[PDB]
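Enquirer:
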Amino acid sequence: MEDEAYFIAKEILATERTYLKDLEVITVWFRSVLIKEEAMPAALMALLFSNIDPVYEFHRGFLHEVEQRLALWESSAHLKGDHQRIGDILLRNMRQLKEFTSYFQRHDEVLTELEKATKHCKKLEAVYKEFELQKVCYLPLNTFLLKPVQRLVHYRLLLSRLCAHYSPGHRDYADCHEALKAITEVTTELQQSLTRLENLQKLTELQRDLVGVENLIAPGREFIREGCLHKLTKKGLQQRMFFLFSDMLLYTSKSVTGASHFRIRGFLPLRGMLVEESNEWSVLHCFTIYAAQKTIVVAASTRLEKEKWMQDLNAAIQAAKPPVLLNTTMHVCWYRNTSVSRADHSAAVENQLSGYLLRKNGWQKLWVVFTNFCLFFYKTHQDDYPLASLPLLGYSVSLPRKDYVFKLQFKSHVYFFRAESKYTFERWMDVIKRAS
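Going by my numbering, the first residue of the sequence shown is number 373, and it counts up by one from there.
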């Protein structure tokens with residue numbers, strides 16, 4: 373009962389702790405590198421930092437107010453009272469956060485300008501490159517420019533979740549609804565900006581990752597799904613990479629010894645193709661893609677995988693009724709024969725989570741972060757780089773066969789984790805299930 377409301381508070385904390393460290397990848401670490409190298413024109417430095425710094429200020433103050441209250445929580449008997457309550461802190465900052473919306477609206481403009489600056493300036497591209505290599509850069513650099521607006525959502529989500537196990541009679545009930553309504557209209561205003569950014573980000577990433585392809589980023593192209601399938605060739609079924617956008621189908625070329633597995637071979641426009649499910653090819657889970665002037669047959673790793681790629685193709689071909697010219701997620705797909713949809717991203721993002729838990733040779737306490745379908749391992753809540761990582765596509769959360777332990781299974785790889793509480797136990801295996 374009362375415990376459930378407290379663990380949400382701690383949830384807000386741990387995640388805010390990770391958020392502030394996320395922001396520090398830019399405002400601390402990336403900043404210095406730009407100064408030491410001065411490959412970034414001052415206009416872009418202003419545009420970048422005039423819009424992240426002020427946000428970072430607020431949050432640093434906010435984390436303080438939180439973790440303090442959280443300390444006064446678990447306190448005398450004639451005061452607590454207002455020690456076991458957080459709706460007041462939230463209500464304040466929420467109605468105070470709305471004043472930063474103007475800053476957020478330009479994140480689509482910062483991710484945009486960095487890109488052009490990177491391509492037209494050769495020195496900055498080099499700098500940018502080496503910096504994404506550093507252990508501090510545990511996710512792609514672009515991914516961080518996203519988190520500010522995404523964080524706004526996470527308050528809406530968490531505040532929502534508080535009004536769930538709350539009812540009239542609690543001191544912190546009237547405040548939360550005012551707070552929730554305050555953040556809900558904050559996210560509303562930027563909901564358009566958010567989706568526009570989340571997509572620009574994915575296109576701007578792929579643009580880099582893939583070799584050969586140019587002009588992939590466009591005001592129109594939305595990303596449907598990326599993933600791995602076996603193209604039918606004269607030598608046999610061969611693994612290849614497919615990237616389905618709203619207006620074409622990108623696929624990967626023949627694998628050469630020592631070359632990239634992510635060189636784009638050609639695209640197949642969506643006007644006007646048909647996909648037709650395959651004969652005794654049914655067991656092979658293959659279907660056939662008749663394009664306007666090329667035709668391919670292709671096998672899915674499993675049956676559901678096929679139905680996904682098909683349903684997504686067909687529904688995308690109907691919906692389409694400068695010219696493209698010729699261990700992240702894309703890599704985890706190549707090594708596990710799977711795919712990830714635009715729908716999955718929004719389900720690994722809404723399911724982000726930080727916390728402390730143990731990991732059985734011999735129970736080992738680590739601080740774990742779950743973003744981007746991947747677990748990141750720290751020894752302290754305060755380190756600036758992950759000690760280890762573990763991507764989770766194709767991992768299944770079950771109980772074994774201590775107390776309150778869940779296990780991750782994948783082929784021969786078996787890991788075990790323990791949470792302190794029992795609520796926080798049902799929450800960890802929850803989010804991992806919702807990013808799978």
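We put the CB at the ideal spot given by N, CA and C, even for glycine.
Kindly list the residues whose CB is nearer than 6 angstroms to the CB of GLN579, restricted to its own chain and excluding five residues on each side of it in sequence; keep chain order.
Expert: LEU588, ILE589
Enquirer: Determine contact between the segment 431 to 450 and the segment 376 to 383, defined as no fewer than three beta-carbon pairs at a distance below 8 angstroms.
Expert: With the cut-off at 8 angstroms, the segment 431 to 450 and the segment 376 to 383 touch.
Enquirer: From the DSSP output, read off the bridge partner residues of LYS603.
Expert: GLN610, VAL670
Enquirer: Compute the Euclidean distance between the alpha carbons of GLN665 and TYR391, then round it to the nearest angstrom.
Expert: 48 angstroms
Enquirer: Once the 5 residues before and after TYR545 are set aside, which same chain residues still bring their CB inside 6 angstroms of it?
Expert: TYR538
Enquirer: Please classify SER422: does DSSP put it in a helix, a strand, or coil?
Expert: coil
Enquirer: Leaving out the 5 sequence neighbours to the left and right, which residues in its chain are closer than 6 angstroms to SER673 when beta-carbon positions are compared?
Expert: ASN709
Enquirer: Roughly how many angstroms lie between the CA atoms of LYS794 and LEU601, to the nearest whole one?
Expert: 40 angstroms
Enquirer: Buried or exposed: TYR767, going by 16 or more other Cβ atoms within 10 Å of its Cβ?
Expert: buried
Enquirer: Count the other CB atoms, across all protein chains shown, that sit within 10 Å of the CB of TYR757; report buried if there are 16 or more and exposed otherwise.
Expert: exposed
Enquirer: Throw me the rounded Cβ distance for the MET801 and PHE778 pair, which I believe falls under 8 angstroms.
Expert: 5 angstroms
Enquirer: Please state if the CB of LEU442 and the CB of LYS393 are separated by a distance shorter than 9 angstroms.
Expert: no
Enquirer: For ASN699, which residues of its own chain have a beta-carbon under 8 angstroms away from its beta-carbon, when the five flanking residues on both sides are left out?
Expert: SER761, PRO763
Enquirer: Could you please give me the residues that DSSP links to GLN736 through a beta bridge?
Expert: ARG731
Enquirer: To the nearest angstrom, how far is the alpha carbon of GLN610 from that of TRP401?
Expert: 42 angstroms
Enquirer: Could you compute how far the alpha carbon of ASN465 sits from the alpha carbon of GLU409?
Expert: Here the alpha carbon of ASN465 sits roughly 37 angstroms from the alpha carbon of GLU409.
Enquirer: Is it a yes or a no for the segment 727 to 738 touching the segment 746 to 756, going by three-plus beta-carbon pairs under 8 angstroms?
Expert: The segment 727 to 738 vs the segment 746 to 756: in contact.
Enquirer: Just to confirm before moving on: does the CB-CB distance between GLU598 and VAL696 stay below 9 angstroms?
Expert: no
Enquirer: Please report how far the alpha carbon of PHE788 lies from the alpha carbon of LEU780, in whole angstroms.
Expert: 6 angstroms
Enquirer: Nearest CA to the CA of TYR707: which residue from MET613, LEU572, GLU481?
Expert: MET613
Enquirer: Less than 6 angstroms between C-beta atoms, sequence neighbours within five positions excluded: which residues of the same chain meet that for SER726?
Expert: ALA386, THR387, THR390, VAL741
Enquirer: In chain order, what residues of the same chain have a beta carbon less than 6 angstroms from the beta carbon of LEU566, not counting five sequence neighbours either side?
Expert: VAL521
Enquirer: Can you list, in chain order, the stretches of the alpha helix (DSSP H) that have 4 or more residues and sit fully within the segment 676 to 736?
Expert: 701 to 706, 714 to 720
Enquirer: Does the pairing of the segment 546 to 559 with the segment 497 to 507 give three or more beta-carbon distances under 8 angstroms?
Expert: no
Enquirer: Please confirm whether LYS732 and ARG773 have their CB atoms less than 9 angstroms apart.
Expert: no
Enquirer: Alpha carbon to alpha carbon, what distance is there between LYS488 and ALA663?
Expert: Between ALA663 and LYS488, the C-alpha separation is close to 33 angstroms.
Enquirer: As a quick exercise: from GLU594, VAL438, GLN724, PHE745, pick the residue whose alpha carbon is nearest that of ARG568.
Expert: Nearest C-alpha to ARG568: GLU594.
Enquirer: Which value, in whole angstroms, describes the spacing of the CA atoms of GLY630 and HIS436?
Expert: 50 angstroms
Enquirer: Regarding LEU656 and the ligand NAD, is the C-beta to nearest heavy atom distance less than 8 angstroms?
Expert: With respect to the ligand NAD, the structure offers nothing, as it holds no ligand at all.
Enquirer: Quick check on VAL704: buried or exposed, where buried means 16 or more other Cβ atoms within 10 Å of its Cβ?
Expert: buried
Enquirer: Comparing C-alpha positions only, which one of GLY584, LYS606, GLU649 sits nearest to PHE639?
Expert: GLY584
Enquirer: Rank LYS606, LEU463, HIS542, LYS607 by C-alpha distance to the C-alpha of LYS553 and give the top, closest one.
Expert: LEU463
Enquirer: Does the Cβ of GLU577 have 16 or more other Cβ atoms within 10 Å, making it buried, or fewer, making it exposed?
Expert: Classification for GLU577: buried.
Enquirer: Going straight from the alpha carbon of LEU496 to that of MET417, what length do you get?
Expert: The straight-line gap from Cα to Cα measures roughly 12 angstroms.
Enquirer: Please return the same chain residues whose Cβ sits closer than 6 angstroms to the Cβ of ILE804, not counting the five positions on each side in sequence.
Expert: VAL769
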